[PDB]
Structures are given as C-alpha cells and as structure tokens.
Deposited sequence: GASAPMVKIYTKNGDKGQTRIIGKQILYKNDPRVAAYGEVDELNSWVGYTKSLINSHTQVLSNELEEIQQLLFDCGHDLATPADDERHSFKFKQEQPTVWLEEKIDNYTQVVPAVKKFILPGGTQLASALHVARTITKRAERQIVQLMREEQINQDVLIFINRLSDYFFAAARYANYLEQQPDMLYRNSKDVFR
C-alpha cells in the first residue's frame, strides 16, 4: 500500500527526522514537486510544431528530482549527502537561453500566446514561487546553494523557452501597451 497512514496527523519524514508538513523544508521540496508536475503538464501539450522542446523539458524534470532530493536533506546529516551540482545543468540552461534569445524578435512582454508558450510562462512563475520558498528555508537552515543558483536560472530559461514556443507556431508575443 502506497498509503502508510503515518502522515494522517500532519507529520512526515524527510531524508534521514520527523517534521511538520508546514515546515519550511517540506514546503521547499513540495513547491519543487509542484513545479515538476507542472513541467510534466507543459510537456504533454507539445505537438508536431513544438516537438524539439520535448527532450529538454524531460531533462529538467530529472534535474528537478535531484533538486528536491537535496532540499529534503539536512546539510549536517552524516549519512546523507548533497547530490546536485549546478555547473553542468546551469551552463546548459544558459546556452538554451542565449540560443532562444537570438532566434526571437528583439516593450515589456506579457505572458501568453500559444497554449504551450503560456504554459511555459506559468512554469516561469511557479519556478519563482518555489524559489521564494527555497529562500525562506535558506534563511533558517543551510541548503545546497547550487539548487538555488539552478532554480534562479530556470525561471529565466522558461521565459526564453516561452518566447521560442510562440516563435515556433508563428505567434507574436503579448506586449504591455
């Protein structure tokens, strides 16, 4: 049974230590879970016009699992150790950003356009929400700061990705009048 009932009183285990479910840690690992499921949702909207975006989103979902793992791990835990390193993943998001920025037409942009592009804009803001929550934790506990670097860059990726999605289906970006 996937349901243990150990949580019915509002408490839960992390990597290693029973916390309340409103604990800033659980919230951080939790928002990254919501973001990941949203990314999965965004990916399912992919069609024949926007099919190139499929792999990288699948990749980001794997990266996000690692992020949630480390976030669920206390920094002083003797038995359990940070597994996420920001360098390769973040550099990789930076190339896609530069690539998508040069492709698209160079006022402030409002989030919307194609269904996929709008969903990419949604992921941009859910990324930020998870990030605020990761900073709330960082402020009370030691975290893998690598997670924070990557997440920060990730919302930028999403913006870049959104504009590109609009581009792939001949759709102008929504601009603030």
Enumerate the deposited-sequence segments absent from the coordinates, judged by C-alpha atoms, in order of position.
-> 1 to 7, 24, 115 to 116, 188 to 194
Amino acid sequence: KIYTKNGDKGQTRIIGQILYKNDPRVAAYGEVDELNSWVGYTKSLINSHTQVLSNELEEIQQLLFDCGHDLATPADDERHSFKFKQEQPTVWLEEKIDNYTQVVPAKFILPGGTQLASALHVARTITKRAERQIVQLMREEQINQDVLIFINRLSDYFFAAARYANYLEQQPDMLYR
From here on, numbers count along this sequence of modelled residues.
Please work out which of 92 to 100 and 75 to 83 has the higher mean CA B-factor as recorded in the PDB entry.
-> 75 to 83
For the stretches 144 to 152 and 118 to 126, which has the higher mean C-alpha B-factor as given in the deposited record?
-> 144 to 152
Where the record places residue 168 (Cα B-factor, split into thirds across the chain) | middle
Among the modelled residues of its chain, does the C-alpha B-factor of residue 108 lie in the lowest, middle or highest third?
-> highest
Sorting the chain's modelled residues by C-alpha B-factor, tell me whether residue 138 ends up in the lowest, middle or highest third.
-> highest
